[PDB]
Amino acid sequence: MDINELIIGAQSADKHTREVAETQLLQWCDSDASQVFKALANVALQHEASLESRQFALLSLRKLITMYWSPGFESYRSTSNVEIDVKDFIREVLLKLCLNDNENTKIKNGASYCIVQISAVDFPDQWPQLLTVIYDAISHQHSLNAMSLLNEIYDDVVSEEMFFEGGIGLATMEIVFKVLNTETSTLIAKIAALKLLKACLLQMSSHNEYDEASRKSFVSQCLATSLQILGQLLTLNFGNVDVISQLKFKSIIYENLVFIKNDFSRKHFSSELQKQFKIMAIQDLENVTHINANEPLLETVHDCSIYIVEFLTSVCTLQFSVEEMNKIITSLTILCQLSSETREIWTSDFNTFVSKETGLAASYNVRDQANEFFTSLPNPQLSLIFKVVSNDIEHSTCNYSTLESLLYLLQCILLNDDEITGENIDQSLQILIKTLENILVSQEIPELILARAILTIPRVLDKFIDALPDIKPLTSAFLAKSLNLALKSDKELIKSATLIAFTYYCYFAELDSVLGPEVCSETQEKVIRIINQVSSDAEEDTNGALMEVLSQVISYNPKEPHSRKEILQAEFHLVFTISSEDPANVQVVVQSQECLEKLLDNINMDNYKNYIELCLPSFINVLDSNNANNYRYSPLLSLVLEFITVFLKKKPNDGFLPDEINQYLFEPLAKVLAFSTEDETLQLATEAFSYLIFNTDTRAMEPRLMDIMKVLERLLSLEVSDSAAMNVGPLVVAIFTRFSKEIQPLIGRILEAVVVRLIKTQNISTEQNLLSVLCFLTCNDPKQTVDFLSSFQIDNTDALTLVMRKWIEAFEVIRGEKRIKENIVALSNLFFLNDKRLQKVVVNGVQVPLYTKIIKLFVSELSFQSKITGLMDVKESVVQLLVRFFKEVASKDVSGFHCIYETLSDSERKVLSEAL
Amino acid sequence: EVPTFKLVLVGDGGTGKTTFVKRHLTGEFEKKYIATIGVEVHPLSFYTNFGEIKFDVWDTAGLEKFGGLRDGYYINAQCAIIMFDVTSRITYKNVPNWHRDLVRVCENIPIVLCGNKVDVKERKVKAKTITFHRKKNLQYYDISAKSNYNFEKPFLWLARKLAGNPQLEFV
Ligand SMILES: Nc1nc2c(ncn2[C@@H]2O[C@H](COP(=O)(O)OP(=O)(O)OP(=O)(O)O)[C@@H](O)[C@H]2O)c(=O)[nH]1
Ligand SMILES: [Mg+2]
């Protein structure tokens with residue numbers, strides 16, 4: 001009965017006290033909600049209570065409101081007791097808490113959340129006092145608490161029907177404009193008003209393609225007024241004594257402008273205002289860069305600069321004056337400079353550098369926004385600004401404090417798709433490449449400047465490949481220098497920069513044709529050495545970059561009569577080691593699959609023997625080392641299985657797989673299929689084993705038939721999951737296609753196993769896979785299959801009737817044409833047997849003959865078509881199967897079809913007659 | 001004397017919060033989705049080169065029908081993890097609501113965004129996950145409970161942010 005005891009016990013970590021406290025609370029409030037709500041409001045209003053208890057009171061009141069307030073909630077509970085006298089009290093309590101400036105932020109947040117929850121039903125028509133008090137407080141007292149409350153109200157509960165047709169929109173817009181226009185309102189009040197403006201713009205933007213003049217005129221007027229006010233505010237100035245608040249003010253202003261520009265029609269945002277705010281934003285970059293010379297301050301500086309650069313990116317389609325362009329460059333150089341913390345992090349841990357440069361870093365600095373800005377520029381502005389940045393680089397060669405940022409802007413410009421062309425770029429680019437060469441040649445250069453030089457040179461060569469006449473010797477020289485400076489230094493950051501530069505060279509230049517075979521071989525050796533040196537400390541998705549670079553390296557692997565065996569062996573050693581370390585990284589896994597595929601596209605039955613002894617013993621050792629844990633799930637085991645299946649699947653088309661690989665793989669694959677239980681492991685092992693069986697020479701596999709059969713029996717026996725059993729199809733297909741003569745004595749075991757698993761399994765996809773297996777068995781030898789199914793019995797009941805029931809039920813459930821064709825051909829083969837022992841079984845889904853139901857289902861399929869198992873792929877459409885079936889039937893094999901047709905509906909007979 | 005930090009796990013159902021916590025607690029991994037009622041409090045102990053860090057993880061229910069008084073648990077919390085399954089884009093779309101409810105009860109706490117089960121099929125949310133954290137200064141980690149891809153990274157980052165020593169590392 002003591003609310004304080006309940007709200008204390010409910011916060012306890014132990015299970016017993018918390019559950020009993022919550023149960024007591026819910027039982028009490030279901031008995032009399034009016035007392036519980038009043039007590040919660042009181043203990044929320046008692047300033048003497050602990051903050052944790054007040055906040056728990058508010059957050060519990062929020063939940064109780066969701067359940068016992070009034071109908072219309074999707075979770076409203078019947079038999080409430082909240083009379084209006086309690087609602088009127090707690091509404092006043094909430095609208096007192098939510099704007100009492102002395103209250104701690106957590107209590108104000110809780111009160112605002114409760115008000116929003118109430119307003120999800122009671123707003124606005126039931127509680128006009130809410131809006132009256134908010135508007136009074138905002139317009140007369142500039143109470144930013146009420147502005148925050150209204151902003152949170154627009155977020156959750158206000159909808160466009162309330163905004164446009166209701167009084168919410170006009171009144172809110174007028175109040176916001178009144179607050180912004182008055183200079184008396186404090187800067188924080190202006191920030192809150194601009195946040196309300198942003199929420200109103202989001203309301204106006206959520207709906208689009210309006211069809212009501214009552215809205216369009218209002219939207220246009222509000223947009224014109226808001227743009228005028230934002231221009232006035234940006235023309236207003238401050239004493240620079242509260243610079244963080246000024247930075248927030250500018251940040252929210254340009255957030256509003258970027259929202260208007262990017263998510264509204266161009267009609268309402270005049271190009272003259274575009275040109276004005278362009279100049280304003282450039283002046284604000286200049287102001288922010290001067291302010292930056294004065295840690296939270298730097299953070300807000302970067303946040304404001306991100307929004308300003310975003311606005312310039314939106315405006316970027318406009319023309320930039322040369323002085324405005326120079327101001328933009330001079331500001332972005334100061335803003336794109338690496339913070340000392342990031343410089344230290346990159347120097348100490350090159351893995352962060354690799355993550356950032358690969359684009360996988362969980363961050364978004366001003367640098368990325370500048371990249372977006374330069375990427376979006378149009379061709380004339382891009383061509384002008386490239387000259388500016390190149391000139392600034394040339395003048396700042398000795399200014400190492402800023403040169404890195406200039407190289408980053410140059411890189412961002414060169415990432416732009418548009419091809420830079422102009423009056424006199426040729427002289428500029430020659431000076432630029434000479435400067436980059438001097439940077440590489442120089443000594444005692446800071447490692448980040450050198451790393452930016454190393455990655456910028458590939459962009460320079462790529463962008464201007466159509467203009468450099470000496471592109472080949474320059475590319476060769478720069479690649480040689482990038483590799484040498486990585487080999488001859490212990491800064492792993494430089495090595496990572498060099499390998500990233502190498503993959504950028506691979507993405508634009510055909511190195512294997514411009515460098516020549518010997519230079520290509522030597523560069524492959526240098527890159528694999530660099531990767532080997534780096535791999536000893538790779539982490540945080542550095543391995544993904546190493547795998548990508550190794551893929552590019554192996555993509556230039558020379559022809560078979562000239563390839564160096566040692567280089568290939570080192571390449572395989574690296575692709576194996578780097579993927580065995582950190583094996584769980586899915587990107588590393590898939591890139592290693594692609595690397596192995598690339599490394600096995602150039603194989604033949606002569607060199608495949610050498611490939612076996614290189615690759616297979618590494619996989620066999622992992623399979624052996626996983627035997628102790630019963631081949632349970634492990635990323636390394638799945639990785640080696642996914643490598644074995646690729647090595648098998650990349651067979652030489654000249655003929656069968658060598659016996660050596662079979663002798664290597666058969667024992668561990670048999671063991672893993674006989675002992676493992678994990679679904680993924682069994683699936684991968686079955687995928688490998690089935691392909692090995694399908695592509696092994698007949699004379700080599702013949703002695704192992706008993707082992708294969710035992711493995712199949714275990715793999716479909718009950719101690720393995722049905723989802724893993726789904727893969728049984730390919731193994732049986734491979735067995736039959738390989739042992740086309742030896743299966744005759746043991747085929748009965750296969751049929752017994754298939755039928756028993758079919759009748760045991762519940763899983764739909766497993767049922768379909770076993771049906772496909774049984775279909776293949778019947779189509780291969782219908783007589784033996786029917787003889788075994790009819791003669792063999794399960795649980796003292798013949799299998800035949802049960803399998804017919806399940807087969808027809810599943811066929812009625814089956815979908816997709818690929819599976820339908822197999823059932824079509826199987827049932828047609830069964831019909832063509834013309835043996836009474838089948839057709840005399842009665843079946844129902846009215847009880848009818850089994851053949852009668854077969855042909856009825858076939859007719860139903862023909863009606864439907866009128867409008868992935870692949871175990872019996874013939875690449876022939878179902879229509880010709882149907883027409884050949886019905887024409888063979890009409891050839892009068894058994895006279896019953898005429899009686900059935902006359903029994904069937906006239907419409908179906910007409911459909912058959914019109915189809916053939 | 002041993003420091004202790006309260007951790008609240010949030011995220012929709014099916015995102016493997018319970019499997020993640022159980023893996024940390026015992027090393028076992030349970031394959032069958034069983035719903036969570038209320039919250040379970042599990043003490044996790046991580047040894048470091050600078051003593052012991054002992055999180056008290058609150059595995060909050062991710063189902064609204066079972067999230068009774070869920071907001072009542074975030075009080076006086078010191079860190080949070082927002083879990084979402086990359087296989088269910090709706091969970092990522094609902095992540096902002098989880099962040100809102102976390103920052104309402106305990107503002108400015110260090111919060112980690114974790115995309116669970118990257119191993120299932122292929123990523124269904126791709127790189128859109130970067131969009132949310134980049135503005136609110138969260139750190140996004142691909143993690144999983146079927147494979148230990150990054151299972152220790154969230155706790156390591158939280159320990160670094162709470163103990164104030166970026167050089168701390170688990171052993
Ligand atoms: N493939 C895969 N499955 C996983 C992984 N983690 C968990 N699962 C499975 O997905 C489900 C997750 O269950 P829970 O951990 O209870 O999920 P939850 O969202 O925390 O559930 P509640 O606590 O009830 O909200 C279970 O079936 C797990 O076995 C993972 O990394 N990979
Ligand atoms: Mg659960």
# chains A, B, ... in the order shown; residues from 1 in each chain; ligands from 1
>>> interface_residues(of="chain A", to="chain B", cutoff="6 Å", atoms="only C-alpha atoms", output="list in words")
residues 56, 59, 363, 364 and 584 of chain A
>>> select_by_dssp(residues="region 540-775 of chain A", states="alpha helix (DSSP H)", output="PyMOL selection string")
chain A and resi 542-554+565-580+586-599+608-625+635-649+659-675+679-695+698-701+705-716+722-725+728-738+743-760+764-775
>>> closest_residue(among="B:117, B:17, B:23, B:160", to="ligand 2", atoms="only C-alpha atoms and all ligand atoms")
B:17
>>> closest_residue(among="B:87, B:26, B:49, B:94", to="ligand 1", atoms="only C-alpha atoms and all ligand atoms")
B:87
>>> closest_atom_pairs(of="chain B", to="ligand 1", cutoff="9 Å", atoms="only C-alpha atoms and all ligand atoms", output="CSV")
residue,atom,partner,partner_atom_place_in_ligand_line,distance
B:9,CA,ligand 1,20 (O),8.5
B:10,CA,ligand 1,25 (O),8.2
B:11,CA,ligand 1,19 (O),6.6
B:12,CA,ligand 1,19 (O),5.6
B:13,CA,ligand 1,19 (O),3.5
B:14,CA,ligand 1,19 (O),3.5
B:15,CA,ligand 1,19 (O),3.7
B:16,CA,ligand 1,15 (O),3.0
B:17,CA,ligand 1,20 (O),3.2
B:18,CA,ligand 1,15 (O),3.4
B:19,CA,ligand 1,15 (O),3.7
B:20,CA,ligand 1,15 (O),6.3
B:21,CA,ligand 1,15 (O),7.8
B:22,CA,ligand 1,15 (O),8.1
B:29,CA,ligand 1,29 (O),6.8
B:30,CA,ligand 1,29 (O),4.9
B:31,CA,ligand 1,29 (O),3.0
B:32,CA,ligand 1,27 (O),3.9
B:33,CA,ligand 1,27 (O),3.4
B:34,CA,ligand 1,16 (O),5.4
B:35,CA,ligand 1,24 (O),3.6
B:36,CA,ligand 1,24 (O),3.7
B:37,CA,ligand 1,24 (O),7.1
B:38,CA,ligand 1,23 (O),8.9
B:39,CA,ligand 1,23 (O),8.2
B:40,CA,ligand 1,23 (O),8.9
B:59,CA,ligand 1,23 (O),6.4
B:60,CA,ligand 1,23 (O),6.4
B:61,CA,ligand 1,25 (O),4.4
B:62,CA,ligand 1,25 (O),3.8
B:63,CA,ligand 1,25 (O),6.0
B:66,CA,ligand 1,24 (O),8.7
B:83,CA,ligand 1,19 (O),8.0
B:84,CA,ligand 1,19 (O),7.9
B:85,CA,ligand 1,19 (O),8.2
B:116,CA,ligand 1,31 (O),5.9
B:117,CA,ligand 1,31 (O),3.6
B:118,CA,ligand 1,31 (O),6.8
B:119,CA,ligand 1,32 (N),5.9
B:120,CA,ligand 1,1 (N),4.9
B:121,CA,ligand 1,1 (N),8.5
B:143,CA,ligand 1,31 (O),7.2
B:144,CA,ligand 1,31 (O),3.5
B:145,CA,ligand 1,31 (O),3.2
B:146,CA,ligand 1,31 (O),3.8
B:147,CA,ligand 1,31 (O),6.0
B:148,CA,ligand 1,31 (O),8.0
B:149,CA,ligand 1,31 (O),8.8
>>> residues_around(residues="residue 52 (chain B)", least_positions_apart="2", cutoff="12 Å", atoms="only C-alpha atoms", output="compact mmCIF listing (two decimals) with N, CA, C and O atoms, in the first residue's frame")
# COMPACT_ATOMS: atom_id res chain seq x y z
N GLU B 1 35.33 -2.50 -3.46
CA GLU B 1 36.54 -1.97 -4.08
C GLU B 1 36.52 -2.23 -5.59
O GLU B 1 36.92 -1.37 -6.38
N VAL B 2 36.07 -3.42 -5.97
CA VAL B 2 35.99 -3.76 -7.40
C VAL B 2 34.99 -2.83 -8.08
O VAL B 2 33.83 -2.73 -7.62
N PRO B 3 35.36 -2.14 -9.15
CA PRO B 3 34.39 -1.29 -9.85
C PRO B 3 33.31 -2.12 -10.52
O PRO B 3 33.55 -3.23 -10.98
N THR B 4 32.10 -1.55 -10.57
CA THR B 4 30.97 -2.20 -11.23
C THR B 4 30.20 -1.16 -12.02
O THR B 4 30.04 -0.01 -11.58
N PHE B 5 29.75 -1.55 -13.21
CA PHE B 5 29.05 -0.66 -14.12
C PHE B 5 27.76 -1.32 -14.58
O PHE B 5 27.77 -2.48 -15.00
N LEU B 44 28.88 -9.95 -15.49
CA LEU B 44 29.97 -10.35 -16.37
C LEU B 44 31.28 -9.82 -15.83
O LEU B 44 31.38 -8.65 -15.46
N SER B 45 32.29 -10.69 -15.77
CA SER B 45 33.61 -10.33 -15.26
C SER B 45 34.61 -10.38 -16.41
O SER B 45 34.77 -11.42 -17.06
N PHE B 46 35.29 -9.26 -16.65
CA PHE B 46 36.33 -9.16 -17.66
C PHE B 46 37.64 -8.81 -16.98
O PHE B 46 37.74 -7.78 -16.31
N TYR B 47 38.65 -9.66 -17.15
CA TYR B 47 39.97 -9.38 -16.63
C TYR B 47 40.75 -8.50 -17.60
O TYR B 47 40.66 -8.66 -18.82
N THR B 48 41.51 -7.56 -17.04
CA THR B 48 42.26 -6.60 -17.84
C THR B 48 43.67 -6.47 -17.28
O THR B 48 43.98 -6.99 -16.20
N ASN B 49 44.52 -5.77 -18.03
CA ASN B 49 45.88 -5.48 -17.59
C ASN B 49 45.90 -4.44 -16.47
O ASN B 49 46.95 -4.18 -15.88
N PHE B 50 44.74 -3.86 -16.18
CA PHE B 50 44.58 -2.84 -15.14
C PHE B 50 43.46 -3.22 -14.19
O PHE B 50 42.57 -2.43 -13.87
N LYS B 54 33.72 -5.29 -14.11
CA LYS B 54 32.60 -6.19 -13.83
C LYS B 54 31.29 -5.50 -14.19
O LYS B 54 30.69 -4.80 -13.37
N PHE B 55 30.84 -5.69 -15.43
CA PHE B 55 29.56 -5.15 -15.87
C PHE B 55 28.40 -5.95 -15.29
O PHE B 55 28.48 -7.17 -15.16
N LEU B 156 34.83 -3.91 -24.42
CA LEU B 156 36.14 -3.27 -24.36
C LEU B 156 36.03 -1.77 -24.56
O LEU B 156 36.66 -0.99 -23.83
N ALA B 159 34.47 -0.27 -21.41
CA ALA B 159 35.45 -0.22 -20.33
C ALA B 159 36.44 0.92 -20.54
O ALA B 159 36.80 1.63 -19.59
N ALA B 163 36.40 3.66 -17.56
CA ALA B 163 37.60 3.76 -16.73
C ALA B 163 38.51 4.91 -17.15
O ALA B 163 39.46 5.21 -16.42
N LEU B 168 43.51 0.39 -21.84
CA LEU B 168 43.02 -0.83 -21.21
C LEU B 168 42.63 -1.86 -22.27
O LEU B 168 42.08 -1.52 -23.32
N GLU B 169 42.94 -3.12 -21.99
CA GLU B 169 42.65 -4.20 -22.92
C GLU B 169 42.37 -5.48 -22.14
O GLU B 169 42.97 -5.71 -21.09
N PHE B 170 41.46 -6.29 -22.67
CA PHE B 170 41.08 -7.53 -22.00
C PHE B 170 42.10 -8.63 -22.28
O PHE B 170 42.71 -8.68 -23.35
N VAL B 171 42.27 -9.52 -21.30
CA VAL B 171 43.18 -10.65 -21.44
C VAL B 171 42.44 -11.95 -21.14
O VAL B 171 42.15 -12.73 -22.04
>>> decode(residues="region 665-700 of chain A", atoms="N, CA and C atoms", output="PDB file, in the first residue's frame")
ATOM      1  N   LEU A 665      40.805 -36.388 -49.703  1.00  0.00           N
ATOM      2  CA  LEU A 665      39.598 -35.822 -49.108  1.00  0.00           C
ATOM      3  C   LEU A 665      38.634 -36.863 -48.555  1.00  0.00           C
ATOM      4  N   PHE A 666      38.645 -38.095 -49.075  1.00  0.00           N
ATOM      5  CA  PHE A 666      37.569 -39.031 -48.756  1.00  0.00           C
ATOM      6  C   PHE A 666      37.508 -39.334 -47.262  1.00  0.00           C
ATOM      7  N   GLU A 667      38.649 -39.657 -46.652  1.00  0.00           N
ATOM      8  CA  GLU A 667      38.641 -40.029 -45.237  1.00  0.00           C
ATOM      9  C   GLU A 667      38.140 -38.913 -44.325  1.00  0.00           C
ATOM     10  N   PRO A 668      38.665 -37.681 -44.379  1.00  0.00           N
ATOM     11  CA  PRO A 668      38.155 -36.652 -43.461  1.00  0.00           C
ATOM     12  C   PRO A 668      36.732 -36.225 -43.768  1.00  0.00           C
ATOM     13  N   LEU A 669      36.342 -36.182 -45.043  1.00  0.00           N
ATOM     14  CA  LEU A 669      34.956 -35.861 -45.372  1.00  0.00           C
ATOM     15  C   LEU A 669      34.009 -36.943 -44.870  1.00  0.00           C
ATOM     16  N   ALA A 670      34.385 -38.212 -45.041  1.00  0.00           N
ATOM     17  CA  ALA A 670      33.578 -39.295 -44.494  1.00  0.00           C
ATOM     18  C   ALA A 670      33.457 -39.168 -42.982  1.00  0.00           C
ATOM     19  N   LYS A 671      34.568 -38.864 -42.306  1.00  0.00           N
ATOM     20  CA  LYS A 671      34.530 -38.735 -40.853  1.00  0.00           C
ATOM     21  C   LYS A 671      33.624 -37.587 -40.413  1.00  0.00           C
ATOM     22  N   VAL A 672      33.730 -36.427 -41.067  1.00  0.00           N
ATOM     23  CA  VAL A 672      32.924 -35.283 -40.643  1.00  0.00           C
ATOM     24  C   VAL A 672      31.448 -35.535 -40.929  1.00  0.00           C
ATOM     25  N   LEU A 673      31.135 -36.196 -42.046  1.00  0.00           N
ATOM     26  CA  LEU A 673      29.738 -36.535 -42.302  1.00  0.00           C
ATOM     27  C   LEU A 673      29.231 -37.605 -41.344  1.00  0.00           C
ATOM     28  N   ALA A 674      30.121 -38.452 -40.826  1.00  0.00           N
ATOM     29  CA  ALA A 674      29.701 -39.506 -39.914  1.00  0.00           C
ATOM     30  C   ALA A 674      29.615 -39.051 -38.462  1.00  0.00           C
ATOM     31  N   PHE A 675      30.258 -37.942 -38.098  1.00  0.00           N
ATOM     32  CA  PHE A 675      30.286 -37.521 -36.702  1.00  0.00           C
ATOM     33  C   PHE A 675      29.716 -36.134 -36.435  1.00  0.00           C
ATOM     34  N   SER A 676      29.797 -35.204 -37.383  1.00  0.00           N
ATOM     35  CA  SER A 676      29.390 -33.835 -37.099  1.00  0.00           C
ATOM     36  C   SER A 676      27.879 -33.743 -36.890  1.00  0.00           C
ATOM     37  N   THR A 677      27.465 -32.650 -36.247  1.00  0.00           N
ATOM     38  CA  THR A 677      26.051 -32.376 -36.012  1.00  0.00           C
ATOM     39  C   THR A 677      25.621 -30.961 -36.369  1.00  0.00           C
ATOM     40  N   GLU A 678      26.533 -29.997 -36.464  1.00  0.00           N
ATOM     41  CA  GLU A 678      26.158 -28.626 -36.783  1.00  0.00           C
ATOM     42  C   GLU A 678      25.594 -28.545 -38.196  1.00  0.00           C
ATOM     43  N   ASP A 679      24.525 -27.762 -38.358  1.00  0.00           N
ATOM     44  CA  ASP A 679      23.854 -27.672 -39.652  1.00  0.00           C
ATOM     45  C   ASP A 679      24.777 -27.105 -40.725  1.00  0.00           C
ATOM     46  N   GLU A 680      25.477 -26.010 -40.417  1.00  0.00           N
ATOM     47  CA  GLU A 680      26.356 -25.398 -41.409  1.00  0.00           C
ATOM     48  C   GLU A 680      27.492 -26.339 -41.796  1.00  0.00           C
ATOM     49  N   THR A 681      28.082 -27.016 -40.808  1.00  0.00           N
ATOM     50  CA  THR A 681      29.170 -27.946 -41.088  1.00  0.00           C
ATOM     51  C   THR A 681      28.693 -29.100 -41.957  1.00  0.00           C
ATOM     52  N   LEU A 682      27.541 -29.683 -41.616  1.00  0.00           N
ATOM     53  CA  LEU A 682      27.018 -30.785 -42.414  1.00  0.00           C
ATOM     54  C   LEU A 682      26.650 -30.334 -43.819  1.00  0.00           C
ATOM     55  N   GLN A 683      26.102 -29.127 -43.962  1.00  0.00           N
ATOM     56  CA  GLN A 683      25.750 -28.632 -45.288  1.00  0.00           C
ATOM     57  C   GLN A 683      26.989 -28.451 -46.153  1.00  0.00           C
ATOM     58  N   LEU A 684      28.020 -27.794 -45.614  1.00  0.00           N
ATOM     59  CA  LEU A 684      29.241 -27.585 -46.387  1.00  0.00           C
ATOM     60  C   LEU A 684      29.921 -28.909 -46.717  1.00  0.00           C
ATOM     61  N   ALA A 685      29.980 -29.825 -45.745  1.00  0.00           N
ATOM     62  CA  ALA A 685      30.628 -31.109 -45.980  1.00  0.00           C
ATOM     63  C   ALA A 685      29.872 -31.929 -47.016  1.00  0.00           C
ATOM     64  N   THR A 686      28.536 -31.900 -46.978  1.00  0.00           N
ATOM     65  CA  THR A 686      27.755 -32.602 -47.989  1.00  0.00           C
ATOM     66  C   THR A 686      27.941 -31.973 -49.363  1.00  0.00           C
ATOM     67  N   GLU A 687      27.991 -30.640 -49.425  1.00  0.00           N
ATOM     68  CA  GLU A 687      28.209 -29.966 -50.701  1.00  0.00           C
ATOM     69  C   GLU A 687      29.549 -30.360 -51.308  1.00  0.00           C
ATOM     70  N   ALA A 688      30.587 -30.467 -50.478  1.00  0.00           N
ATOM     71  CA  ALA A 688      31.889 -30.901 -50.978  1.00  0.00           C
ATOM     72  C   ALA A 688      31.861 -32.372 -51.385  1.00  0.00           C
ATOM     73  N   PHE A 689      31.324 -33.228 -50.512  1.00  0.00           N
ATOM     74  CA  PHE A 689      31.366 -34.671 -50.726  1.00  0.00           C
ATOM     75  C   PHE A 689      30.583 -35.076 -51.969  1.00  0.00           C
ATOM     76  N   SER A 690      29.396 -34.493 -52.166  1.00  0.00           N
ATOM     77  CA  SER A 690      28.590 -34.834 -53.334  1.00  0.00           C
ATOM     78  C   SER A 690      29.312 -34.485 -54.627  1.00  0.00           C
ATOM     79  N   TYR A 691      29.959 -33.319 -54.670  1.00  0.00           N
ATOM     80  CA  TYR A 691      30.718 -32.936 -55.855  1.00  0.00           C
ATOM     81  C   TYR A 691      31.905 -33.868 -56.068  1.00  0.00           C
ATOM     82  N   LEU A 692      32.577 -34.253 -54.979  1.00  0.00           N
ATOM     83  CA  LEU A 692      33.687 -35.193 -55.093  1.00  0.00           C
ATOM     84  C   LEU A 692      33.222 -36.528 -55.659  1.00  0.00           C
ATOM     85  N   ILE A 693      32.079 -37.028 -55.186  1.00  0.00           N
ATOM     86  CA  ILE A 693      31.534 -38.280 -55.708  1.00  0.00           C
ATOM     87  C   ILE A 693      31.182 -38.129 -57.181  1.00  0.00           C
ATOM     88  N   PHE A 694      30.535 -37.015 -57.532  1.00  0.00           N
ATOM     89  CA  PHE A 694      30.084 -36.809 -58.902  1.00  0.00           C
ATOM     90  C   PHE A 694      31.251 -36.720 -59.876  1.00  0.00           C
ATOM     91  N   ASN A 695      32.390 -36.186 -59.438  1.00  0.00           N
ATOM     92  CA  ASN A 695      33.511 -35.948 -60.337  1.00  0.00           C
ATOM     93  C   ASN A 695      34.702 -36.870 -60.105  1.00  0.00           C
ATOM     94  N   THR A 696      34.557 -37.911 -59.290  1.00  0.00           N
ATOM     95  CA  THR A 696      35.619 -38.893 -59.097  1.00  0.00           C
ATOM     96  C   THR A 696      35.527 -39.978 -60.163  1.00  0.00           C
ATOM     97  N   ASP A 697      36.687 -40.463 -60.606  1.00  0.00           N
ATOM     98  CA  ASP A 697      36.732 -41.539 -61.587  1.00  0.00           C
ATOM     99  C   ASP A 697      36.039 -42.786 -61.047  1.00  0.00           C
ATOM    100  N   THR A 698      35.322 -43.482 -61.935  1.00  0.00           N
ATOM    101  CA  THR A 698      34.543 -44.647 -61.525  1.00  0.00           C
ATOM    102  C   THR A 698      35.431 -45.736 -60.934  1.00  0.00           C
ATOM    103  N   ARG A 699      36.533 -46.062 -61.616  1.00  0.00           N
ATOM    104  CA  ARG A 699      37.396 -47.146 -61.159  1.00  0.00           C
ATOM    105  C   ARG A 699      38.083 -46.831 -59.837  1.00  0.00           C
ATOM    106  N   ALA A 700      38.207 -45.552 -59.479  1.00  0.00           N
ATOM    107  CA  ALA A 700      38.833 -45.196 -58.212  1.00  0.00           C
ATOM    108  C   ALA A 700      37.841 -45.266 -57.056  1.00  0.00           C
TER     109      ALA A 700
END
